[PDB]
Amino acid sequence: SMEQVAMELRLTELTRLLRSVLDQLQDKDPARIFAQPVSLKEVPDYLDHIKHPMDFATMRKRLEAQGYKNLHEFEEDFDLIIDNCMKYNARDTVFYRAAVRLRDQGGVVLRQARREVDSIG
Ligand code: NA
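Looking at the entry header, you'll see X-ray crystallography listed as the method and 3.4300 Å as the resolution.

Spelled out as structure tokens, the structure:
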């Protein structure tokens, strides 16, 4: 039906917006600490600590399949990247501190992204 096509066009345009958001958020991680999933070869106990791992490459895979139906779902995955890092790694590490900075700089991007999603519908 035409109503289904219109819903699919809205999802397509959301996906385009979230791709711009994701690129901007990943620019705030120039070290590429959060670019890939935590390797279970290199960190064998990781799943004992973190139950829902997340990273930018995993988010990009879901995004290109139009897997994010709204901004909240996208935000939940971005928050996992930060929140998992700040639990596993201690306060005095480069990893924890990179997550703090990504959160702080990322909040600026997500604030305006919310306004664009609401405005454009
Ligand atoms: Na901790």
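There's plenty left to go through after this.
Enquirer: So what's going on with the overall build of the chain? Which residues, and what values?
Expert: A tally of helices and strands in the chain yields five helices and zero strands. Moving toward the C terminus, one meets the helices and strands of the chain in the order α-α-α-α-α. With the C-alpha coordinates aligned to their principal axes, the bounding extent of the chain is approximately 50 × 30 × 20 Å. Sequence-distant contacts in the chain: of pairs separated by 6 or more residues, those separated by 24 or more amount to 64%.

Enquirer: Could you give an account of the packing of helix 1 (residues 2–26) against helix 4 (residues 71–88), with specific residues and numbers?
Expert: At a minimum axis distance of 12 Å, the contact between helix 1 and helix 4 shows a crossing angle of 20°. The angle between helix 1 and helix 4 falls in the class roughly parallel. The crossing of helix 1 and helix 4 is right-handed. Within the contact between the two elements, helix 1 uses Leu-18, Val-21, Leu-22 and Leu-25 and helix 4 uses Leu-71, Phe-74 and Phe-78.

Enquirer: Lay out the layout of surface pockets with the relevant residues and their values.
Expert: As a volume, the largest pocket reaches approximately 390 Å³. Around the largest pocket, the lining comprises 19 residues; the ones closest to its centre are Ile-33, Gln-36, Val-38, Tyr-46 and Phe-95. Top contributing element to the lining of the largest pocket by residue count: helix 4, with five residues. Classifying every residue of the lining of the largest pocket by side-chain character gives twelve nonpolar, four polar and three charged.

What counts, and at which threshold
- Note on numbering: positions run from 1 along each chain as its sequence is written and may not match the entry's numbering; residues without coordinates are not listed.
- With hydrogens and water stripped out, all remaining heavy atoms of the structure feed into the side-chain values.
- Residues with missing side-chain atoms are left out of burial classes, side-chain pairs and their counts.
- A run of DSSP states H or I qualifies as a helix once it reaches four residues; a run of E qualifies as a strand once it reaches two. Both are numbered from the N-terminal end.
- Contacts between residues were defined by any pair of non-hydrogen atoms, one from each residue, lying within 4.5 Å.
- Angles run from 0 to 180 degrees between N-to-C directions of axes, and those axes are lines fitted to C-alpha atoms, restricted for helices to the stretch in contact.
- Each angle receives one of four descriptions, namely roughly parallel if under 35 degrees, roughly antiparallel if over 145, roughly perpendicular if within 65 to 115, and oblique otherwise.
- Put simply, a crossing is left-handed when the front helix is turned counterclockwise from the back one by less than a right angle, and right-handed when it is turned clockwise.
- Buriedness of a pocket was judged along seven lines, with at least five required to meet protein on both sides within 12 Å; pockets are open sets of points on a 1 Å grid over the protein atoms alone, cavities are sets where a 1.4 Å probe fits but cannot get out, and lining residues have an atom within 4 Å of a point.
- Grid points are joined across faces, edges and corners, and a volume is the space filled by probe spheres set on the points.
- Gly counts as polar in this scheme, as do all residues outside two lists: the nonpolar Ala, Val, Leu, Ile, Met, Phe, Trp, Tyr, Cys and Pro, and the charged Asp, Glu, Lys and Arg.

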